[PDB]
Amino acid sequence: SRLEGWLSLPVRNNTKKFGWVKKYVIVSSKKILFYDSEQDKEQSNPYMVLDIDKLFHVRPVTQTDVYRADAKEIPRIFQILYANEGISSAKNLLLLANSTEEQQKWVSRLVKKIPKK
C-alpha cells in the first residue's frame with residue numbers, strides 16, 4: 001500500500017464559507033488520487049488526480065491560511081502546490097489531518113515521493 005486515508009478539504013456548506021470534509025485521498029507511486037468513498041474507488045471513479053512530479057513544494061500551513069479555522073487545526077493542515085496550467089498559476093491543495101502526526105506523515109511521504117524534492 002501507500003499514503004492513503006481521509007483528509008479534509010474546504011467545502012462550501014453554506015455558500016461562500018469553506019469548512020472541511022474527509023475525502024479518501026491516496027497518493028500512488030509517482031501519482032496522486034482523490035476519492036469520496038470506497039464505492040467510487042472500487043468502481044474506478046477518481047474524483048480527482050494530481051501528478052506527484054508536477055508538485056512544486058509541499059509544506060505545512062499557518063494561521064494565515066485560514067481564519068475561521070482553529071489554532072489547533074492549523075498545525076494539522078498542510079498545503080501541496082502543483083502546476084495546473086504552467087508555473088505561477090500552479091494551485092495548491094489544503095488537507096487537514098485528524099492528528100498533527102498525520103500531517104507530518106502525509107506531507108513527508110507525499111513530498112518524499114516527489115522527484116524534484
# chains A, B, ... in the order shown; residues from 1 in each chain; ligands from 1
>>> residues_around(residues="residue A:78", least_positions_apart="6", cutoff="10 Å", atoms="only C-alpha atoms", output="compact mmCIF listing (two decimals) with N, CA, C and O atoms, in the first residue's frame")
# COMPACT_ATOMS: atom_id res chain seq x y z
N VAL A 58 5.74 20.98 -1.04
CA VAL A 58 4.74 20.65 -0.04
C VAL A 58 5.20 21.07 1.35
O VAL A 58 6.23 20.60 1.84
N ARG A 59 4.44 21.96 1.98
CA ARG A 59 4.78 22.44 3.32
C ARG A 59 3.52 22.72 4.14
O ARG A 59 2.46 23.00 3.59
N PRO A 60 3.63 22.66 5.48
CA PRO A 60 2.50 22.92 6.38
C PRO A 60 1.98 24.35 6.25
O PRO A 60 2.71 25.25 5.84
N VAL A 61 0.71 24.54 6.60
CA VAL A 61 0.10 25.86 6.53
C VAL A 61 0.18 26.59 7.87
O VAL A 61 0.64 26.02 8.86
N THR A 62 -0.27 27.84 7.89
CA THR A 62 -0.24 28.64 9.11
C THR A 62 -1.59 29.31 9.34
O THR A 62 -2.54 29.10 8.59
N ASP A 65 -3.42 30.84 6.49
CA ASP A 65 -4.13 30.01 5.53
C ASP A 65 -5.64 30.06 5.77
O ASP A 65 -6.42 30.04 4.83
N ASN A 92 -2.73 25.07 -5.23
CA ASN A 92 -2.35 24.25 -4.09
C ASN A 92 -3.55 23.49 -3.53
O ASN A 92 -4.70 23.80 -3.86
N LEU A 93 -3.28 22.50 -2.70
CA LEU A 93 -4.34 21.69 -2.10
C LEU A 93 -4.20 21.66 -0.58
O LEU A 93 -3.19 21.20 -0.04
N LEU A 94 -5.22 22.15 0.12
CA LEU A 94 -5.21 22.17 1.57
C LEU A 94 -5.85 20.91 2.13
O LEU A 94 -7.00 20.60 1.83
N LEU A 95 -5.10 20.18 2.95
CA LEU A 95 -5.59 18.95 3.54
C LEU A 95 -5.38 18.93 5.05
O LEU A 95 -4.26 19.10 5.53
N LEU A 96 -6.46 18.72 5.78
CA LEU A 96 -6.41 18.68 7.24
C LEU A 96 -6.22 17.24 7.72
O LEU A 96 -6.76 16.30 7.14
N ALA A 97 -5.45 17.09 8.80
CA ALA A 97 -5.20 15.77 9.36
C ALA A 97 -5.78 15.66 10.77
O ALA A 97 -5.54 16.52 11.62
N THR A 100 -1.87 15.84 14.21
CA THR A 100 -0.68 16.53 13.71
C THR A 100 0.28 15.54 13.05
O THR A 100 0.83 15.81 11.99
N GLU A 102 -0.31 12.89 11.46
CA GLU A 102 -0.78 12.55 10.12
C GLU A 102 -0.27 13.55 9.09
O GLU A 102 0.10 13.18 7.98
N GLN A 103 -0.26 14.82 9.47
CA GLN A 103 0.21 15.88 8.58
C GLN A 103 1.70 15.72 8.29
O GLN A 103 2.17 16.01 7.19
N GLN A 104 2.45 15.27 9.30
CA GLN A 104 3.89 15.07 9.16
C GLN A 104 4.18 13.88 8.25
O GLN A 104 5.14 13.89 7.48
N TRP A 106 1.81 12.42 5.95
CA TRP A 106 1.25 12.69 4.64
C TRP A 106 2.17 13.58 3.81
O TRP A 106 2.50 13.27 2.67
N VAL A 107 2.58 14.70 4.41
CA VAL A 107 3.45 15.66 3.74
C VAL A 107 4.83 15.06 3.46
O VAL A 107 5.32 15.12 2.34
>>> select_by_dssp(residues="chain A", states="strand (DSSP E or B)", output="short mmCIF file (atom, residue, chain, number, x, y, z; two decimals) with N, CA and C atoms, in the first residue's frame")
data_model
loop_
_atom_site.label_atom_id
_atom_site.label_comp_id
_atom_site.auth_asym_id
_atom_site.auth_seq_id
_atom_site.Cartn_x
_atom_site.Cartn_y
_atom_site.Cartn_z
N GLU A 4 -2.40 6.83 2.11
CA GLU A 4 -3.83 6.83 1.84
C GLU A 4 -4.63 7.05 3.12
N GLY A 5 -5.87 7.51 2.96
CA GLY A 5 -6.73 7.75 4.10
C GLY A 5 -7.76 8.83 3.81
N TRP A 6 -8.17 9.55 4.84
CA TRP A 6 -9.15 10.61 4.66
C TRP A 6 -8.59 11.95 5.11
N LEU A 7 -8.63 12.92 4.21
CA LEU A 7 -8.16 14.25 4.51
C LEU A 7 -9.29 15.24 4.31
N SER A 8 -9.25 16.34 5.04
CA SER A 8 -10.30 17.34 4.96
C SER A 8 -10.00 18.41 3.93
N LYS A 22 -13.83 14.99 5.00
CA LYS A 22 -12.88 13.90 4.84
C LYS A 22 -13.11 13.15 3.53
N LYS A 23 -12.19 13.32 2.60
CA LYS A 23 -12.26 12.64 1.32
C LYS A 23 -11.15 11.60 1.26
N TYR A 24 -11.40 10.48 0.61
CA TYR A 24 -10.40 9.44 0.53
C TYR A 24 -9.29 9.80 -0.44
N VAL A 25 -8.17 10.25 0.11
CA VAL A 25 -7.01 10.61 -0.68
C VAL A 25 -5.97 9.51 -0.64
N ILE A 26 -5.44 9.14 -1.80
CA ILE A 26 -4.44 8.09 -1.87
C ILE A 26 -3.34 8.46 -2.86
N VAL A 27 -2.13 8.65 -2.35
CA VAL A 27 -1.00 9.02 -3.18
C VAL A 27 -0.31 7.79 -3.74
N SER A 28 -0.53 7.51 -5.02
CA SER A 28 0.07 6.35 -5.66
C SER A 28 1.51 6.66 -6.08
N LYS A 31 2.15 9.38 -8.32
CA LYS A 31 0.82 9.82 -8.72
C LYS A 31 -0.05 10.11 -7.50
N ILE A 32 -1.04 10.98 -7.67
CA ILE A 32 -1.94 11.34 -6.58
C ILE A 32 -3.39 11.09 -6.98
N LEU A 33 -4.10 10.32 -6.16
CA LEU A 33 -5.50 10.01 -6.44
C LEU A 33 -6.42 10.61 -5.37
N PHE A 34 -7.64 10.94 -5.78
CA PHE A 34 -8.63 11.52 -4.87
C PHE A 34 -9.98 10.84 -5.05
N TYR A 35 -10.58 10.43 -3.94
CA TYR A 35 -11.88 9.76 -3.98
C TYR A 35 -12.80 10.29 -2.88
N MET A 48 -10.64 13.08 -8.22
CA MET A 48 -9.56 13.96 -8.62
C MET A 48 -8.24 13.21 -8.67
N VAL A 49 -7.30 13.71 -9.47
CA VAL A 49 -5.99 13.07 -9.60
C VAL A 49 -4.91 14.09 -9.93
N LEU A 50 -3.83 14.08 -9.15
CA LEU A 50 -2.72 15.00 -9.36
C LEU A 50 -1.43 14.24 -9.58
N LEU A 55 4.12 18.45 -8.63
CA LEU A 55 4.22 19.19 -7.37
C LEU A 55 5.45 20.10 -7.37
N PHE A 56 5.28 21.31 -6.84
CA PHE A 56 6.37 22.27 -6.78
C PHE A 56 7.00 22.29 -5.39
N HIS A 57 6.17 22.11 -4.37
CA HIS A 57 6.64 22.11 -2.99
C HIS A 57 5.49 21.85 -2.02
N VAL A 58 5.74 20.98 -1.04
CA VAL A 58 4.74 20.65 -0.04
C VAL A 58 5.20 21.07 1.35
N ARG A 59 4.44 21.96 1.98
CA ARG A 59 4.78 22.44 3.32
C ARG A 59 3.52 22.72 4.14
N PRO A 60 3.63 22.66 5.48
CA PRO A 60 2.50 22.92 6.38
C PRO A 60 1.98 24.35 6.25
N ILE A 77 -2.89 20.94 9.38
CA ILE A 77 -3.23 21.18 7.98
C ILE A 77 -1.98 21.49 7.16
N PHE A 78 -1.83 20.80 6.03
CA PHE A 78 -0.68 21.01 5.16
C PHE A 78 -1.14 21.41 3.76
N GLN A 79 -0.26 22.10 3.03
CA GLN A 79 -0.58 22.55 1.68
C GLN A 79 0.37 21.94 0.65
N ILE A 80 -0.17 21.57 -0.50
CA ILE A 80 0.62 20.99 -1.58
C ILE A 80 0.44 21.76 -2.88
N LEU A 81 1.52 22.38 -3.35
CA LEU A 81 1.48 23.15 -4.59
C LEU A 81 1.76 22.27 -5.80
N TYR A 82 1.03 22.51 -6.88
CA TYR A 82 1.20 21.74 -8.11
C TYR A 82 0.85 22.57 -9.33
N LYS A 91 -1.69 25.86 -8.66
CA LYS A 91 -2.54 25.96 -7.48
C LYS A 91 -2.03 25.05 -6.36
N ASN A 92 -2.73 25.07 -5.23
CA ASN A 92 -2.35 24.25 -4.09
C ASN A 92 -3.55 23.49 -3.53
N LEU A 93 -3.28 22.50 -2.70
CA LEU A 93 -4.34 21.69 -2.10
C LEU A 93 -4.20 21.66 -0.58
N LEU A 94 -5.22 22.15 0.12
CA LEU A 94 -5.21 22.17 1.57
C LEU A 94 -5.85 20.91 2.13
N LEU A 95 -5.10 20.18 2.95
CA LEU A 95 -5.59 18.95 3.54
C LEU A 95 -5.38 18.93 5.05
N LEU A 96 -6.46 18.72 5.78
CA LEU A 96 -6.41 18.68 7.24
C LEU A 96 -6.22 17.24 7.72
#
>>> closest_residue(among="A:1, A:39, A:54, A:68", to="residue A:18", atoms="only C-alpha atoms")
A:68
>>> closest_residue(among="A:111, A:76, A:71, A:43", to="residue A:29", atoms="only C-alpha atoms")
A:111
>>> residues_around(residues="residue A:10", least_positions_apart="6", cutoff="7 Å", atoms="only C-alpha atoms", output="JSON, numbers by chain")
{"A": [18, 19, 20, 21]}
>>> write_last_selection(atoms="C-alpha atoms", output="compact mmCIF listing (two decimals), in the first residue's frame")
# COMPACT_ATOMS: atom_id res chain seq x y z
CA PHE A 18 -15.40 26.61 3.40
CA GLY A 19 -15.35 24.08 6.22
CA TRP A 20 -13.94 20.57 5.98
CA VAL A 21 -14.78 17.17 4.51
>>> atom_distance(atom1="atom CA of residue A:14", atom2="atom CA of residue A:66")
16.5 Å
>>> atom_distance(atom1="atom CA of residue A:86", atom2="atom CA of residue A:109")
24.5 Å
>>> atom_distance(atom1="atom CA of residue A:2", atom2="atom CA of residue A:41")
14.8 Å
>>> closest_residue(among="A:30, A:40, A:70, A:9", to="residue A:53", atoms="only C-alpha atoms")
A:30
